[PDB]
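This report concerns only the one structure given below.
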Amino acid sequence: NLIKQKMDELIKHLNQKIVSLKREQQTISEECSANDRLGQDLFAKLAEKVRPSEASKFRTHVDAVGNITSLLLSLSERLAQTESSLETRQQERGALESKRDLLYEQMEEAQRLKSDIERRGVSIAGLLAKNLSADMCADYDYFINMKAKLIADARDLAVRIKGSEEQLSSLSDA
Amino acid sequence: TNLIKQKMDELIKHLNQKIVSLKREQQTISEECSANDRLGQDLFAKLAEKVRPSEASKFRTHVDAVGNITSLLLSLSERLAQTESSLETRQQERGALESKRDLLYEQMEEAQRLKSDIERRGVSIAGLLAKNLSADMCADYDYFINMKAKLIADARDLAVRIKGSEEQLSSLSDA
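If you read the sequences in order, they're chains A and B. Here the working numbering is used: the first residue of the first sequence is 13, the next is one more, and so on. Here the working numbering is used: the first residue of the second sequence is 6, the next is one more, and so on.
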C-alpha cells in the first residue's frame with residue numbers, strides 16, 4: 013500500500029536522474045565533436061608542411077592517445093568491480109563461518125544430551141526387566157530401535173524429496 | 006521439434022515420476038511409524054498397569070527423548086553438511102575471481118607499458134610539430150590533446166554512472 017507509494021517516488025526521481033545524466037553526456041559529446049574538428053584543422057595544416065608518413069604517424073598517435081586512455085579506464089573499472097565482488101564473497105564467508113561455529117556448539121550439546129539419554133535408556137531397560145515378561149522386553153527393544161530407524165529413513169526421504177522438488181522447480185522455470 | 010526442448014520435457018517427466026514414487030515410499034514409512042507406535046502404546050499400557058505413575062512417566066519421557074534427539078542430531082548433521090557445501094563453493098568462486106583479477110593485473114601492466122611507449126612517441130611528435138608549425142599551432146595541439154584525454158575521461162565517468170542508474174532502475178522495475 014505505502015510501499016508502492018515510496019517505490020513510485022524512487023522510480024521517478026531515478027528516471028529524472030538518468031535523463032539529467034543523458035543531457036550532460038550529450039553536452040560532452042558535442043564538446044568532443046568540436047575538439048575533433050580542432051584536431052582535423054591541426055592535421056590539415058601539418059599535412060601541408062610534412063611528408064605523408066609523418067602526418068600518418070601524427071594521426072595514429074592521436075588515435076592511440078584516446079585508445080590507451082579508454083583502455084586504462086576500462087581495466088581500472090573492471091579491476092574495481094572484481095575487488096568489490098571479492099570483498100563481498102569474504103563477508104559472506106565470515107557469516108557462514110559464524111553459522112558453522114553455532115551449529116557445532118549445538119552439535120556438541122546434542123551429543124552430550126544423547127549420551128545422557130543412553131544411560132537413562134539403560135535405566136528403562138532395568139525397569140522393564142523388573143516389571144515385564146522377557147517377551148515384552150524383547151518387543152520393547154525392537155520397538156525403540158525401530159522407532160529410531162524409521163525416524164532416520166523418514167528424514168532421508170524428506171530430504172531427497174525436497175531436493176528433487178527444488179531441481180524440478182528450477183528446470184520447469186527455464 | 007527441437008531436441009533439447011524434448012529432452013527437457015522427458016527430464017522433468019522423469020523427475021515427476023520419481024517424486025511420485027518417493028511420496029509413495031514416504032507414505033509407506035509413515036504407516037510403519039503408525040504401527041510401531043501402536044506397539045509402543047501397548048507396551049506402555051502394560052507397564053502402566055504394573056508400575057507406579059512416575060515410572061510410567063519416565064518411560065514415556067525416554068521413549069519421546071529417543072525420537073526427539075534422533076531428529077535433532079539428524080537435522081544438525083544436515084545443516085552442517087549444507088553449510089560445508091556452501092563454504093566449498095565460496096572457495097571456488099573466490100579462486101575464480103582471483104584468477105580473473107590476475108588476468109586484469111597483467112593486462113594493466115601491459116597497458117601501462119603501452120602508455121609509456123605512446124608517451125615517448127608523443128615526445129617525437131612534439132618535436133615534429135615544433136619544427137614544422139608555429140608556436141601557436143603547437144600550443145593549440147597541446148591543448149587539443151589534453152582536452153581530448155579529459156573529455157574521454159568525463160564521458161567514461163558519465164557512461165558508468167548512467168549504466169549504474171539503469172541497473173538500479175531495472176532491478177526496481179520488478180518489486
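Quick reminder that beta carbons are idealized off the backbone N, C-alpha and C, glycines included.
CA-to-CA distance, residue j to residue i, given in whole angstroms
i, j, result
"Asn151 of chain B", "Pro64 of chain A", "25 Å"
"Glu114 of chain B", "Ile17 of chain B", "50 Å"
"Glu178 of chain A", "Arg29 of chain B", "18 Å"
"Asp75 of chain A", "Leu180 of chain A", "54 Å"
"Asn137 of chain B", "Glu42 of chain A", "30 Å"
"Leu33 of chain A", "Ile24 of chain B", "53 Å"
"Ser90 of chain B", "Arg84 of chain B", "10 Å"
"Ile136 of chain A", "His67 of chain B", "8 Å"
"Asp20 of chain A", "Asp179 of chain B", "12 Å"
"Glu98 of chain B", "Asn73 of chain B", "38 Å"
"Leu77 of chain B", "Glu117 of chain A", "13 Å"
"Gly45 of chain B", "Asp147 of chain A", "14 Å"
"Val77 of chain A", "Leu177 of chain B", "39 Å"
"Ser139 of chain B", "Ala46 of chain A", "22 Å"
"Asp107 of chain B", "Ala170 of chain A", "44 Å"
"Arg43 of chain B", "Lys10 of chain B", "50 Å"
"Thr6 of chain B", "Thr94 of chain B", "37 Å"
"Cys44 of chain A", "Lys18 of chain A", "39 Å"
"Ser121 of chain B", "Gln28 of chain A", "41 Å"
"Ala50 of chain B", "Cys149 of chain A", "13 Å"
"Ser68 of chain A", "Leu8 of chain B", "55 Å"
"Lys61 of chain A", "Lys155 of chain B", "29 Å"
Spatially closest choice to residue i from the options, by CA coordinates
i, options, result
"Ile34 of chain B", "A:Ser176, A:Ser181, A:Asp168", "A:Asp168"
"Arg125 of chain B", "A:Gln37, A:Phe70, A:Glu21", "A:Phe70"
"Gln38 of chain A", "B:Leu8, B:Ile167, B:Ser82", "B:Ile167"
"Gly106 of chain A", "B:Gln22, B:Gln96, B:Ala86", "B:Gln96"
"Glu109 of chain A", "B:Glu54, B:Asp107, B:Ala40, B:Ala86", "B:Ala86"
Beta-carbon spacing of residue i, residue j below 9 Å
i, j, result
"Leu85 of chain A", "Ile123 of chain B", "no"
"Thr88 of chain B", "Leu115 of chain A", "yes"
"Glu60 of chain B", "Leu52 of chain B", "yes"
"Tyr146 of chain B", "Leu134 of chain B", "yes"
"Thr75 of chain B", "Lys111 of chain A", "no"
"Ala122 of chain A", "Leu81 of chain B", "yes"
"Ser170 of chain B", "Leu26 of chain A", "yes"
Local conformation of residue i per DSSP, three classes
i, result
"residue 5 of chain B", "The structure shown does not extend to residue 5 of chain B, since chain B spans only 6 to 180, so no value can be given for it."
"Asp75 of chain A", "helix"
"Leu14 of chain A", "coil"
"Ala180 of chain B", "coil"
query = Which runs of the alpha helix (DSSP H) spanning at least 4 residues fall entirely within the stretch 14-61 of chain B, listed in chain order?
reply = Segments of the alpha helix (DSSP H) lying fully in the stretch 14-61 of chain B: there are none.
Of all the alpha helix (DSSP H) runs that stay within the bounds of the stretch 68-97 of chain B, which reach a length of 4 or more residues?
Listed in chain order, the alpha helix (DSSP H) elements of length 4 or more contained wholly in the stretch 68-97 of chain B amount to none.
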